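A.B. asks: Just dropping in an experimental structure and the matching sequence.
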Amino acid sequence: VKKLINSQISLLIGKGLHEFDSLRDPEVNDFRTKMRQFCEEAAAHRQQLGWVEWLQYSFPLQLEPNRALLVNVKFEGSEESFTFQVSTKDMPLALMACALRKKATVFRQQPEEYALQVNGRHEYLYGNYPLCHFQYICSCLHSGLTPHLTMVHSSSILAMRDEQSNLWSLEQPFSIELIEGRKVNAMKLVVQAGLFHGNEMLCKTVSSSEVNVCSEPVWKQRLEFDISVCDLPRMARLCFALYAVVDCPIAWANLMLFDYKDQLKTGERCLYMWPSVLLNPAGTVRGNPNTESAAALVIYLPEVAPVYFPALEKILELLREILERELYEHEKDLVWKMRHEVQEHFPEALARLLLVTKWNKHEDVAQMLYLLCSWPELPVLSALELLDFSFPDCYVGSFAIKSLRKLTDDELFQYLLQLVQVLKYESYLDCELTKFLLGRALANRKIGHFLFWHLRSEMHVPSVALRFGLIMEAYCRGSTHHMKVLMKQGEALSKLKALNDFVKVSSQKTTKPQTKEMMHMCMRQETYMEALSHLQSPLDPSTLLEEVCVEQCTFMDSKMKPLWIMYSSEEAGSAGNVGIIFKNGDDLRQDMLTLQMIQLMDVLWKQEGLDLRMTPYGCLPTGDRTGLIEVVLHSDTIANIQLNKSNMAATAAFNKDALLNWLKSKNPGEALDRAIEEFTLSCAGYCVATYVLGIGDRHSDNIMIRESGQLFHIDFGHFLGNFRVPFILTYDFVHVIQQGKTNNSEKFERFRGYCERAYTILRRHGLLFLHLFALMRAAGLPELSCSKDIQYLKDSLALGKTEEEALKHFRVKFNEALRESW
Ligand SMILES: COc1ccccc1-n1c(SCC(=O)Nc2ccc3nccnc3c2)nc2c(c1=O)CCCC2
């Protein structure tokens with residue numbers, strides 16, 4: 001039984017558990033045994049939460065960042081239902097009290113015993129929150145539709161919970177022996193090396209003597225470093241590069257000088273090197289698992305006596321305002337001098353101080369660390385910055401995690417992508433971030449869900465495979481039931497892969513309608529219907545994908561032939577009609593990042609009461625160049641609409657009317673006005689979003705309208721101006737905002753203010769986007785490579801300017817954009 005769990009975990013994570021043992025590594029072993037006890041205590045805890053609390057775990061509330069409305073309510077084991085008027089201000093409890101008073105008459109005869117489920121979703125309404133604080137209610141309030149909800153009793157929910165049970169002495173300079181290698185090139189070999197603490201070098205880099213591009217090369221050289229061993233910080237990192245010359249990089253490799261047990265390291269080491277794009281401090285500190293093929297450097301760490309890093313007690317024992325809002329040496333000096341007063345009157349400039357403290361002087365570091373332990377907790381925003389690679393020191397990390405704990409799950413979810421990337425930076429397996437992500441993922445099934453996928457999605461990447469795999473195994477130890485739910489998901493994804501593969505070959509030999517019939521046959525196979533049905537959508541686990549409508553499924557006409565999968569739910573009705581797009585072949589990371597940053601803008605706007613009617617559809621990479629997009633129904637490309645087909649409702653004398661006619665036919669009479677509004681708001685939003693983010697090559701083929709008028713974007717290939725992309729006003733948008741008039745400066749300038757608000761709001765959170773992008777550098781995304789990329793943001797948000805200025809700046813670009821418009 002314990003045996004079956006293991007094989008399930010193996011299949012689930014994409015790596016077999018035997019491989020962890022085969023490593024014969026105490027670091028891994030400890031991480032495994034430790035992290036299991038932890039996840040087991042969490043899982044233990046959970047099985048004894050009260051029912052409401054279990055709901056909170058299982059399906060956390062989805063909330064928005066007087067007026068009448070019709071609601072429909074039913075009770076679980078029955079079809080009969082009732083329609084009430086309520087106020088949008090009513091508590092979920094008031095509604096539940098009605099439900100019951102209605103029932104008990106149609107039946108002859110306590111609201112606290114119930115929670116309201118959304119029909120056909122893993123979504124629930126509970127708490128003291130007026131109805132439309134719940135996203136679902138408020139959402140309905142807009143698209144116009146009637147909320148449909150099911151009274152679920154406490155006995156019913158608890159049944160679910162049930163079914164889910166399971167030192168300073170050493171003064172001599174540091175130096176190593178470089179012995180020999182085993183590599184491939186054309187010319188002389190060289191081995192350069194430096195000691196890093198983050199991005200900063202601890203002293204000048206040193207080099208090898210020029211040998212023949214030959215062997216199996218030999219060196220047997222002392223390389224001595226311009227620093228004394230006693231000054232080596234905890235997180236000291238030794239970084240190698242190997243290249244040829246007579247310029248030409250071959251491989252690289254890094255290691256920590258202290259092991260995970262704080263022991264300094266001796267003596268011989270074989271390093272299996274990673275092939276190159278010279279020195280790479282950010283690169284991982286464990287070796288290339290491809291031992292057969294990979295080049296290897298063998299070194300000798302001299303044995304300086306056994307030595308550990310001193311305990312914390314031993315550590316603990318041992319116009320400035322004007323600058324303080326890059327700095328000269330002299331300034332650096334003043335800051336350091338004022339450290340105490342920094343910790344007293346500018347605690348939020350911590351990051352600035354840490355950047356001036358001398359990491360290659362053990363005495364200075366001890367001073368810095370002493371101030372850290374009395375340091376007041378910082379705001380979340382400051383914590384996100386402290387996770388930067390610039391801050392490799394784990395006492396700082398511990399502090400940053402310490403400050404990060406007051407994250408709401410919503411915030412946590414909103415940054416989860418980035419926190420995962422930072423795991424790639426971690427010098428050791430057992431660490432605080434890992435401990436924290438696991439703990440929060442265990443207290444929240446939604447967080448649990450996405451963490452897994454973020455991790456499961458990168459197992460094809462050898463540098464993170466082990467780390468990630470070990471985390472996923474830990475999590476499963478913490479959630480036997482959720483791992484079943486997830487296998488269901490990965491089983492569906494496996495089938496989709498096989499289906500898409502068939503689609504690629506077939507689509508080259510034959511015509512679309514034929515491949516479509518073939519697809520449906522393959523899908524109608526027993527193994528496919530079972531695999532592809534009755535699951536939770538990986539794009540959002542509260543979305544249930546029940547019955548695939550084979551008849552509706554097809555594939556899209558682009559190189560990779562992405563699949564189009566429609567699902568219905570009888571229990572869910574209309575909002576059980578959902579689609580996903582399976583994509584195998586393209587990298588989805590770029591888009592997912594893009595989609596999350598827009599999502600962020602929307603939350604920011606909404607937190608200041610600006611609702612631009614955005615459309616944040618799911619996008620979720622699941623594996624090697626494989627993931628899913630959320631289908632947005634009742635929409636079409638501008639281009640498609642501008643095919644302006646005769647026979648359709650939008651038959652137009654001039655192409656500029658096409659959109660507006662379409663909108664008219666979907667939105668008769670007084671509905672028309674609302675749709676123009678929806679179009680205007682969301683346009684404002686996507687214009688500002690594409691502009692700040694440097695997303696370009698927008699054309700009518702990658703912009704979509706929905707029948708509500710809402711406009712949104714697909715196919716993000718390029719961002720951060722990655723061919724300075726202008727602001728863009730398409731003539732046809734302007735025309736639609738202007739209600740079909742040549743001049744409508746009333747309508748048009750309202751539109752300007754929306755942009756201006758959206759833009760100005762984002763700037764106030766400029767730093768929040770910077771820190772997040774900072775953290776993304778860890779990803780290896782090709783258009784997220786360096787500083788010039790983070791420069792793009794600085795410039796778009798005109799962050800260094802004043803609001804009066806920036807607005808002025810933005811006003812030119814926006815004008816420039818209107819001029820372009822015919
Ligand atoms: C691959 O996309 C195409 C490229 C060239 C020509 C046509 C398509 N294409 C297109 S082009 C529209 C498009 O490229 N993408 C869409 C269409 C709807 C979307 N909804 C939510 C999120 N993204 C969406 C993206 N659409 C469809 C199909 C299709 O083959 C098949 C049936 C379902 C809709």
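C.D. replies: Yep, that arrived. Numbers count the residues shown, from 1 in each chain.

A.B. asks: Can you name the residue of the stretch 601-750 of the chain nearest to the ligand?
C.D. replies: residue 632 (3.6 Å; CB to the nearest ligand atom). No exception for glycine: its C-beta is placed from N, CA and C like everyone else's.

A.B. asks: backbone phi and psi for the residue in the stretch 551-700 of the chain that the ligand sits nearest to, please?
C.D. replies: The nearest approach of the stretch 551-700 of the chain to the ligand comes at residue 556, 2.8 Å away (CB to the nearest ligand atom). Backbone dihedrals for residue 556, given as degrees, to the nearest 10, come out at phi -90, psi 160.

A.B. asks: Give the full set of residues in contact with it.
C.D. replies: By CB atoms under 8 Å, 6 or more residues apart in numbering, the residues touching residue 556 are 562-564, 581.

A.B. asks: Please identify the helix or strand for the residue of the stretch 601-750 of the chain closest to the ligand.
C.D. replies: Applying DSSP states H and E as the criterion places residue 632 outside every helix and strand.

A.B. asks: quick one: contacts for whichever residue of the stretch 51-200 of the chain sits closest to the ligand?
C.D. replies: Relative to the ligand, the nearest point of the stretch 51-200 of the chain is residue 143 (16.1 Å; CB to the nearest ligand atom). Taking CB under 8 Å, 6+ apart, we find residue 143 in contact with residue 708.

A.B. asks: Tell me which helix or strand residue 179 sits in.
C.D. replies: Secondary structure from DSSP H and E places residue 179 in strand 173-180.

A.B. asks: Repeat that for residue 774.
C.D. replies: For residue 774, the element it lies in under DSSP H and E is helix 766-776.

A.B. asks: What residues does this protein have near the ligand?
C.D. replies: By CB under 6 Å from any ligand atom, the residues of the chain that approach the ligand are 554, 556-558, 564, 617, 629, 631-632, 635, 637, 714.

A.B. asks: about what we covered before: so what's the backbone phi/psi at the closest residue to the residue of the stretch 601-750 of the chain closest to the ligand other than its chain neighbours?
C.D. replies: The shortest distance from residue 632 to any non-neighbouring residue, by CB to CB, 6 or more residues apart in numbering, is to residue 617 (5.2 Å). Main-chain torsions, residue 617, degrees, to the nearest 10: phi -60, psi 140.

A.B. asks: Likewise for the one 4 residues further on?
C.D. replies: Backbone dihedrals for residue 621, given as degrees, to the nearest 10, come out at phi -70, psi 140.

A.B. asks: The closest residue to it other than its chain neighbours: what secondary structure?
C.D. replies: Nearest residue to residue 621 in three dimensions, chain neighbours excluded: residue 627, at 3.6 Å (CB to CB, 6+ apart). Under DSSP: H, G, I helix; E, B strand; the rest coil, the three-state class of residue 627 is strand.

A.B. asks: Contact partners for residue 627?
C.D. replies: For residue 627, the contacting residues are 457, 583, 588, 592, 619-621, by CB under 8 Å, 6+ apart.

A.B. asks: The longest helix belonging to the chain: which residues count as buried?
C.D. replies: Longest helix of the chain, by residue count under DSSP state H: helix 480-509. Using 16 or more other CB atoms under 10 Å as the test for burial, helix 480-509 gives 481-483, 485-486, 489-493, 495-497, 499-500, 503, 506-507.

A.B. asks: Whatever helix or strand comes next after it packs against which elements?
C.D. replies: With elements assigned by DSSP H and E, the helix or strand that comes after helix 480-509 is helix 512-524. Counting contacts by 3 or more CB pairs under 8 Å, 6 or more residues apart in numbering; DSSP states H and E, helix 512-524 is packed against helix 480-509, strand 554-555.

A.B. asks: Where does the stretch 201-350 of the chain get nearest to the ligand, which residue?
C.D. replies: With CB to the nearest ligand atom as the measure, residue 277 is the residue of the stretch 201-350 of the chain nearest to the ligand, at 32.8 Å.

A.B. asks: That residue in helix, strand or coil?
C.D. replies: coil.

A.B. asks: That one against residue 250, yeah?
C.D. replies: No. When contacts are counted by CB atoms under 8 Å, residue 277 is not listed as touching residue 250 (10.6 Å).

A.B. asks: before we move on, back to that, my guess is the residue nearest to residue 632 meets residue 628, correct?
C.D. replies: No. Using CB under 8 Å, residue 617 makes no contact with residue 628, being 10.5 Å away.

A.B. asks: so residue 138 is in which element?
C.D. replies: Secondary structure from DSSP H and E places residue 138 in helix 135-143.

A.B. asks: Just give me how far that helix sits from the chain centre.
C.D. replies: Centroid separation between helix 135-143 and its chain, computed with CA atoms, centre = their mean, to the nearest Å, is 26 Å.

A.B. asks: now the helix or strand hosting residue 815 against helix 766-776, angle please.
C.D. replies: According to DSSP H and E, residue 815 maps onto helix 803-820. Relative orientation of helix 803-820 versus helix 766-776 (axes from the mean of the first three to the mean of the last three CA atoms, to 10 degrees): 70 degrees.

A.B. asks: In terms of secondary structure, what does helix 803-820 contact?
C.D. replies: helix 745-764.

A.B. asks: ok, residues contacting the helix it packs on?
C.D. replies: Helix 745-764 is contacted from outside by 601, 604-605, 608, 610, 612, 680-681, 683-685, 687-688, 692, 734, 737-739, 741, 769, 797-799, 803, 806-807, 810, 814, using CB under 8 Å, 6+ apart.

A.B. asks: To what extent is the closest residue to residue 516 other than its chain neighbours buried, counted in neighbours?
C.D. replies: Spatial nearest neighbour of residue 516, chain neighbours left out: residue 554 (5.2 Å); criterion: CB to CB, 6+ apart. Other residues near residue 554 come to 17 when the count uses other CB atoms under 10 Å.

A.B. asks: again with residue 468
C.D. replies: For residue 468, the neighbour count with other CB under 10 Å is 24.

A.B. asks: ditto for residue 178
C.D. replies: Residue 178 - counted by other CB under 10 Å - has 23 other residues nearby.

A.B. asks: before we move on, what about residue 646?
C.D. replies: By other CB under 10 Å, 7 other residues sit near residue 646.

A.B. asks: Over to it. Which of the three states is it?
C.D. replies: Going by three-state DSSP, the secondary structure assigned to residue 646 is coil.

A.B. asks: what about it, distance to residue 736?
C.D. replies: Distance, residue 646 to residue 736, using CB to CB, to the nearest Å: 21 Å.

A.B. asks: can you check residue 425 too?
C.D. replies: Here residue 425 is placed at a distance of 46 Å from residue 736 (CB to CB).

A.B. asks: Which phi and psi values does residue 473 adopt?
C.D. replies: phi -60, psi -40.

A.B. asks: Test my guess that it contacts residue 17.
C.D. replies: Yes. Counting by CB under 8 Å, residue 473 does reach residue 17; the two are 7.0 Å apart.

A.B. asks: ok, the residue in the stretch 401-550 of the chain positioned nearest to the ligand - contacts?
C.D. replies: Across the stretch 401-550 of the chain, the shortest distance to the ligand (CB to the nearest ligand atom) belongs to residue 512, at 8.2 Å. Residues in contact with residue 512 (CB under 8 Å, 6+ apart) are 554, 557.

A.B. asks: what's the burial count for residue 374?
C.D. replies: Quick note: residue 374 (other CB under 10 Å) scores 9 neighbours.

A.B. asks: same question, residue 699
C.D. replies: Neighbour tally, residue 699, other CB under 10 Å: 11.

A.B. asks: so it, which of the three states?
C.D. replies: Using three-state DSSP, the three-state assignment for residue 699 comes out as coil.

A.B. asks: now residue 196
C.D. replies: When classified by three-state DSSP, residue 196 comes out as strand.

A.B. asks: just residue 27 next, same as before
C.D. replies: With three-state DSSP as the basis, residue 27 sits in helix.
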